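The values are calculated or read from the model by the stated rules, or taken from the named source; none is laboratory data. Here Cβ is always computed from backbone atoms with ideal geometry, including for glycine, and neighbour counts include all displayed protein chains.
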Ligand SMILES: [Zn+2]
Ligand SMILES: [Zn+2]
Ligand SMILES: [Zn+2]
């Protein structure tokens, strides 16, 4: 007992769905001693070692330990195809090296439906109105939701964490809040929903206007 632990994190959902972008797997080593700061990383893709990993300069934590992070770029298709990413961590503080493995959630991809809603009758008596965008029937839970007004990014939104449904699929909600006037003056609002099961990972949704 004692000595370093390793934790392994998947890429960011949006990074996995936009081929334009660079998905990364991230290996984090904590409880590295002040004595043996140095950490070697070995990465594997379905068991075969890869060398493109970038290790970040180690960082001193307040509890008198070092934290060391290695970041492995992965290919759009490899990650989505369930390739297996292993992070092996060697330190003089460990008798023998430590492994973790991650891949995408196992299972049968399901395309979501997106339902868009103007504000409820009871909301239309308020200074501020909400525009709701409901996503249900997606598997896995990896997804990206975003809002534009007249193709410009809109930032006053909140998106629930996907919730598991009865049939195994996931459901979530996204709400964008704007001045009643902006809605009434007839501006257009778009929910942008990306999921792997959607064709080109671009889900179709109807824009909202009065
Ligand atoms: Zn080699
Ligand atoms: Zn793709
Ligand atoms: Zn389809």
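Output yes when any residue across segment 82-91 is part of a strand (DSSP E or B) and assigned by CATH to the domain that holds residue 197, and no when none is. No; the residues of segment 82-91 include none that is part of a strand (DSSP E or B) and assigned by CATH to the domain that holds residue 197.
Filter segment 155-202 for residues that are touching a residue at least 24 places away in the same chain (Cβ under 8 Å), assigned to a loop (DSSP other than H, G, I, E, B) and within 29 Å of residue 126 (Cβ to Cβ); which is nearest to ligand 2 (Cβ to nearest atom)? Within segment 155-202, the match that is nearest to ligand 2 (Cβ to nearest atom) is 162. Exactly one residue out of 29, 71, 135 is in a strand (DSSP E or B), within 26 Å of the chain's Cα centre (by Cα) and within 16 Å of ligand 3 (Cβ to nearest atom): that is 135.
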